[PDB]
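Presented as structure tokens, the chain that follows is alone, the form deposited in one PDB entry.
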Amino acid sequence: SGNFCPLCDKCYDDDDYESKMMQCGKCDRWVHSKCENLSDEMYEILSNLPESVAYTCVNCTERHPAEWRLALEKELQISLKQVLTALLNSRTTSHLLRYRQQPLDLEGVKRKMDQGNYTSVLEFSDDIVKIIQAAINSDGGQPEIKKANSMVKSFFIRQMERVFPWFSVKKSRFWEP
């Protein structure tokens, strides 16, 4: 009865846990992820925020923008930077820093990121996969360009698995056999 999303006004079942909904930390009601205009990636990131960051429904939101929104936006950018920073500061990625938007090197991903061009985890991952994959395709008969390539790759996949557990770098369309 009282089980209806305030935004779309439609009913929801107390038992369908396959639904993508958030619970307001104030009144405990549920709201559809899609009704707050959130992509599945956003929903996953939210399901990852600290227990300290509660989702809050519109009417329970006192000051706008709702804090969960700014926190969400910051979380994605900070997490992306967290990963890139590690890639940049590694001794195994030195050869992918500079080529010698579709960035052909890490310094390029770096600029594309600082300018706020990444709005999803998928685009960021794909740009990096392409760079790593390009290096793998051209590291003919040579290690540390073959060896390093695989440890920046393993490094990338693992680093991403840590920050974005719900995301699959392995499935990227840009990997080659």
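Just so we're on the same page, rigid core means the largest C-alpha set that superposes within 1.5 Å between forms. In case it trips you up, residue 1 is the first one in the sequence shown, and so on.
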Do the C-alpha atoms of 149-157 or of 6-14 have the higher average B factor in the entry? 149-157
Do the C-alpha atoms of 36-44 or of 137-145 have the higher average B factor in the entry? 137-145
Going by the CA temperature factor in the entry, name the top one among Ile132, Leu70, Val53, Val31. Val53
Taking the chain's C-alpha temperature factors as the reference, tell me which third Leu49 falls into: lowest, middle or highest. highest
State the tercile, meaning the lowest, middle or highest third, of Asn117 with respect to the CA B-factors recorded for its chain. middle
Name the third of the chain's ranked CA B-factors that contains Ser94, choosing lowest, middle or highest. highest
Within this chain's modelled residues, let me know which third the CA B factor of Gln101 belongs to: lowest, middle or highest. highest
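We do not show the form deposited in another entry, though everything after this point is about it.
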Would the C-alpha of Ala54 be classed as shifted by 2 Å or more between the shown form and the other one after rigid-core alignment? yes
I want to check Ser125: does it shift between the shown form and the other one by 2 Å or more at the Cα, with the core superposed? no
Tell me, please, whether between the shown form and the other one the C-alpha of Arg111 is shifted by 2 Å or more, with the rigid core used for superposition. no
Given a CA distance change of at least 3 Å, are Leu88 and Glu144 closer or farther in the other form? farther
Pin down for me whether the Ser52-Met113 Cα distance shrinks or grows in the other form relative to this form (closer or farther, change of 3 Å or more). closer
